[PDB]
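*Asks:* The structure's right below; bear with me while I get my questions together.
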Amino acid sequence: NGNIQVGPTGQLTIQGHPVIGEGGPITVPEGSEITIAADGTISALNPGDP
Amino acid sequence: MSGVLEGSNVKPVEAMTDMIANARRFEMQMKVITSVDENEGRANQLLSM
Amino acid sequence: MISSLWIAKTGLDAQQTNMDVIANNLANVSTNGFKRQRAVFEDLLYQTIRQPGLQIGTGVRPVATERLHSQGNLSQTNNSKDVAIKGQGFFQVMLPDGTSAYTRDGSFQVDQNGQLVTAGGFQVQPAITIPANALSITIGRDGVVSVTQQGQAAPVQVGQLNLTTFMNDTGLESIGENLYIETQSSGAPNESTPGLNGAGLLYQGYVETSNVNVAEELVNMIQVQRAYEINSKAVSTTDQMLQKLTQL
Amino acid sequence: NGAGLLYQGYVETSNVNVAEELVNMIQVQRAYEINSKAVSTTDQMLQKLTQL
Amino acid sequence: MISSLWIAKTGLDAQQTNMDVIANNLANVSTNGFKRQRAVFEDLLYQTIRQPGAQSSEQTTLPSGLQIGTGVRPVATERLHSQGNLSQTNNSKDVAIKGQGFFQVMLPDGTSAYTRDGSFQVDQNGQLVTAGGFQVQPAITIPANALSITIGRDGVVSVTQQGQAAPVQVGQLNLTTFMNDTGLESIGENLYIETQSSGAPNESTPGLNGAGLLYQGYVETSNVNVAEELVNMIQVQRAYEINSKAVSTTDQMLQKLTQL
């Protein structure tokens, strides 16, 4: 199930289970347009900034 | 909210499943009753002689 | 019975209301001083299901239609009795029962004993009594109605056409025949002379046409028809699902 | 900060996709029927059991 | 109800607005001191979807993602403030501006507007007013028994009386110039009111600082070029037809979606 949701504090959870990356569970910069590449690279864009 | 009327909340799926389950339970109980009656009358013969 | 029939029924009713608004806008495309209506849809209550988080909707319901009070185009009538408004303002017209309504249709006539009345015959206040032997009626930009008589080389002042301004123009009650009455949402009718305190100016010989744009109405009709078809399909799908359920 | 801008005179429309929902309506109906067959099949299995 | 239909609606609205601009320019061909308008359009929103520049494959970026855009909106209409052709009418009261100045006029409500139409009249009291009855600033007053009125190229006004071989100056006609002439708000009646985007009114007599020179007996005709208007008709018609074709195609797609 690849339906990933972003928590209020930026934790990536699938069905309430915190997703685990190469360094453990992922902490996303609170509020960000997450883009996942073809191999799993996560890019975060913060609102307002360029 | 004004201008809207709320209807009943009866769910038909649960109702249909309940009716099916009730019929199948009633039939099983009838089978049990039949078995018990037949056993009693078989065993009522032990009082003779 | 819990079902999706009502949710799609509300959608059908909303599309019907939108189509009624569109048809009303299109039918009044020839009325002078008509403001187009737009219906605002905003959804119903939500039912919340608690986990050991999710909310299911109920449908859509019309809330309130807004009349667009933009200044419509002017059309030339070549009648000296017709005046159009440049800006925001309303003519005050006295109904027979006694309460004063407010209209923007500037097509006026003189009745059998003087007196300026609207097309429906209701008197325009203040009482502007035109003399019988009048040769030409001149209504100035600032609402001064002067009357020329044969012989006298100066026009005679008869009356002032005052404009009633509301702070909220959308909240007036549309009573029917091109008339609005003040309401609690459009209170404090402010009487002013035309040209001051935000009141509009008056053009004599012109009438203010309707505000209805045509392309919006036609494309909105297309959208209403297609959404109505979509909701009908949803109703049919719910009907088939219930039919399959009952046959068990 | 990260908020949006305002366009006066324009109203944001709904995000619903009609091609998305009509295709879903088709599968929901068919998934509803295939589940109803499980109820019918289970009832037939139970009906024969009580009859014995 | 569907995105393409909203985009086509915006396109139809833009082309319609272009048609209104063309019609307004055409209706005022005979208007003296009229300036033709041109509308400018801009792109509407662009839905982000796939972000262009986001890193795919750790070391390769994604160029030019899905920037799905919405329709079009008109930015603004700008007047072309150019010198119209001068027409000779042989009148003592018609004044034409040849440079970049405006006449100042007082509205009776107290404020002042600015007009370029130079067809002036005299009221019953002898004041120089506009054809709409608005009293031009300054309140140049003309004597009762005037034989000839001469408005010079420097804006000076002279009246020739009987028994006086020397004309007497009865006023001085000034021109108002602005930093930005497109920012004036047109209120009709050939009148512009000053806005905050048009700077502040700069008074100058005609011939210095840039104000133009005043010609007597001439009127500044409208600068509307009409063949350009006809060519713009042809486009404003095809573009509208093509946008309606897009509407029709979306309608057919939705109809087949509904019918199944």
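*Asks:* Normalising by the residue count of chain E, find the relative contact order in percent from Cα pairs under 8 Å and 6+ residues apart.
*Replies:* Dividing the mean separation by the residue count of chain E yields 24 percent.
*Asks:* Does region E:142-219 classify as rounded, prolate or oblate by the C-alpha gyration tensor (a ≥ b ≥ c root eigenvalues; a/c under 1.5 gives rounded; else a/b over b/c gives prolate, otherwise oblate)?
*Replies:* Prolate is the answer for region E:142-219, as a/c is 1.5 or above and a/b outweighs b/c.
*Asks:* Another question, if that's okay. Which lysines have a Cα less than 24 Å from the Cα of E:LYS93, not counting those fewer than 8 places away in the same chain?
*Replies:* In chain and number order, the partners are E:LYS35.
*Asks:* Work out the length of the dipole vector of region E:118-260 about its Cα centre, built from +1 on the beta-carbon of each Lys and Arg and -1 on the beta-carbon of each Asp and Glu, and round it to the nearest 20 debye.
*Replies:* 240 debye
*Asks:* Hey, in the GNM for chain E with a 10 angstrom Cα cutoff, which one of E:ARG79, E:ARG50, E:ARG36 fluctuates hardest?
*Replies:* E:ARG50
*Asks:* With +1 on each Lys and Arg Cβ and -1 on each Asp and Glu Cβ, how big is the dipole of the protein assembly as shown about its Cα centre, in debye rounded to the nearest 20?
*Replies:* 820 debye
*Asks:* Quick check: from the Cα gyration tensor, does region E:118-165 come out rounded (a/c under 1.5), prolate or oblate?
*Replies:* oblate
*Asks:* Is the C-alpha gyration tensor of region E:1-56 telling us rounded, prolate or oblate? Criteria: a/c under 1.5 is rounded; beyond that, a/b larger than b/c is prolate, otherwise oblate.
*Replies:* Oblate.
*Asks:* While we're looking at this one, here's another question. What ranking, highest mean first, results for peptides C:194-205, D:10-21 when packing means the other Cβ atoms within 10 Å averaged over each residue?
*Replies:* Top to bottom by mean Cβ count within 10 Å: C:194-205, D:10-21.
*Asks:* Follow-up. For E:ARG73, what charge total do you get from the other residues with a beta carbon under 12 Å from its beta carbon, if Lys and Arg give +1 and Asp and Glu give -1?
*Replies:* Around E:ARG73, the charge tally is -2.
*Asks:* Additional query: Charges on Cβ only, +1 for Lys and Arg, -1 for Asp and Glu, centred on the Cα centroid of chain B; of B:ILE20, B:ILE33, B:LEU46, which one is farthest towards the dipole's positive end?
*Replies:* B:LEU46
*Asks:* Now for a separate question. Give the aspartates and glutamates whose C-alpha is closer than 15 Å to that of C:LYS244, dropping any in the same chain fewer than 8 places away, or say none.
*Replies:* Within the straight-line cut-off, C:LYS244 pairs with B:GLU14, D:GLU33.
*Asks:* Right, here's the next one. Which listed residue (E:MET106, C:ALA8, E:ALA131) has the Cα farthest towards the positive end of the charge dipole for the protein assembly as shown, taking +1 on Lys and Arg C-beta and -1 on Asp and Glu C-beta about the Cα centre?
*Replies:* C:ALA8
*Asks:* Using modelled amide H (1.01 Å from N, peptide plane; none on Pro or chain starts), what sits under 5 Å from the amide H of C:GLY195, excluding residues fewer than 5 places away?
*Replies:* It is C:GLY200, by chain and number.
*Asks:* Could you give the nm distance between label points at E:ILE187 and B:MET30, where each point is 7 Å from its Cα heading toward the beta carbon?
*Replies:* Placing both labels 7 Å along Cα→Cβ, they lie 9.5 nm apart.
*Asks:* Projected onto the charge dipole of chain C (+1 at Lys/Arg Cβ, -1 at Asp/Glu Cβ, origin at the Cα centre), which of C:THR238, C:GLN51, C:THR31 gives the Cα projection farthest towards the positive end?
*Replies:* Highest projection toward the positive end goes to C:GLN51.
*Asks:* Determine which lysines satisfy two conditions relative to B:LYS31: a Cα distance under 20 Å, and not lying fewer than 8 residues away in the same chain.
*Replies:* Of all the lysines, those that pass the test against B:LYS31 - Cα under 20 Å, at least 8 places apart if same chain - are D:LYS48.
*Asks:* Another question, then. Between C:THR58 and residues 5 or more places away or on another chain, which pairs have amide H atoms under 5 Å apart, with H built 1.01 Å from N, and which residues are they?
*Replies:* Amide H neighbours of C:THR58: C:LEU44.
All of the numbers you see were taken from the coordinates with simple rules; none came from a lab. We place every Cβ from the backbone using ideal geometry, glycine too, and count neighbours over all the protein chains shown.
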